[PDB]
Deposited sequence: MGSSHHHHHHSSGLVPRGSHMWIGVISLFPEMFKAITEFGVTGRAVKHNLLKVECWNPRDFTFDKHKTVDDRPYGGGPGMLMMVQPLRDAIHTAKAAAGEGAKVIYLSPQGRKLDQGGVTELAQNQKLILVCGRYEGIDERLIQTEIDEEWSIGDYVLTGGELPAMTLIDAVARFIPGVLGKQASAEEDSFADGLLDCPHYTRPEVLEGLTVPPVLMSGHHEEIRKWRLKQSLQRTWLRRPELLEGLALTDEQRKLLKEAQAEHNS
C-alpha cells in the first residue's frame, strides 16, 4: 500500500460476516470511507459461506437441546476465523459482538482503539457455539442492551467509533471526552421560528462563550443523565458553573 497521508497509527480490522456487503456502508461513505481511501483504516472481510464444502453452502446448524432457532455452523465459521488470524499475523485481538458482552462506552472505544489489529466476528441466527467463544474469542462486547438481527451493525458501530481515534481520520479529544453531554449548537439564521441565538454566541467574547458552553454541558448532563456526573471529579470551574445552572433552574 502507498500514499502521502500519514498512517503511523493505521488500523487493520478483519471482519467475519455472512453479509460482507453491509460493510460498504462504512468503507465507501463519509469520514470512514475517506479513512479507507487514505489507508488510515483497512477493513478486510471473510464470509463463512466461502469456507463451506457442501453443494448448498450450508452456514447454519441445529442446536443441541432443541429450541426453535439455528446456530452458525462451526466448521465454516472456525475456518473463516483461522484464515483471518493467519492474514492478521501476531497481535490481533478477536472480538465477538453480542448482548452478553461488555457494554461499549467511549472509554472502552479508546481501549479497543489501542489495538493496531482487531478481528470482529459477526453472529447471525441464535449465535455461535460456546466452545468457539472459549477457543477463538479474546473479548465479547455489546453496543447496547438491545437485540438485533446480527452482529454486523454492532461491528460497523465499533469500527466507526474506533476510527475516530485514528490520527488524521477527523478534519478526538471531543466534548463527550469530558464525560459530559454536548452543549446546544446554533447556525444561520439568527432567528428561526421566532427562536433567537443566545446573544453570548454573537458576542465575539471567546472566554464567556467557552464558559457558557461548559455550563450548558453541565446543566444538560445534570438534567438528562445525572448518573454520568457521579463518574466525574469536577474541576473547580465545573463545580461553580454546575452550581450556577442548578440555582437558575430552581
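In this chain the deposited sequence has gaps in the coordinates at 1-10, 182-186, 266, listed in sequence order.
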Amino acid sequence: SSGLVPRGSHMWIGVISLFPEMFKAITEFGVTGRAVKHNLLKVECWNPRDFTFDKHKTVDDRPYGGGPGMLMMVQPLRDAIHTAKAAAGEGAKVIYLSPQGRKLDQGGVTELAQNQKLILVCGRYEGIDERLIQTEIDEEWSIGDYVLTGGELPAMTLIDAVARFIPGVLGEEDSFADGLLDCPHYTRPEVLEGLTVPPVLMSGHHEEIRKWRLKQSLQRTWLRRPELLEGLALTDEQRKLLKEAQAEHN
From here on, numbers count along this sequence of modelled residues.
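Per the compared records, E173 is unresolved in at least a third of the other entries whose models span it. On average the C-alpha atoms of 191-199 have higher B-factors than those of the other stretch, with 191-199 and 28-36 being the two compared. With 111-119 and 141-149 compared on mean CA B-factor from the PDB entry, the stretch scoring higher is 111-119.
Highest CA B-factor among the listed residues (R49, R213, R220, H205): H205.
When the C-alpha B-factors of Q106, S98, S175, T83 are ranked from the entry, the top spot goes to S175.
Per the PDB record, residue ranking by Cα B-factor puts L180 in the middle third of the chain.
The PDB entry assigns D79 a C-alpha temperature factor belonging to the lowest third of its chain's modelled residues. Annotation for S9: C-alpha temperature factor in the highest third relative to the rest of the modelled chain, per the entry. Residue-level temperature factors show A163 in the lowest third of its chain, judged at the C-alpha atom.
In this PDB entry, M70 carries a Cα temperature factor that places it within the middle third of its chain's modelled residues.
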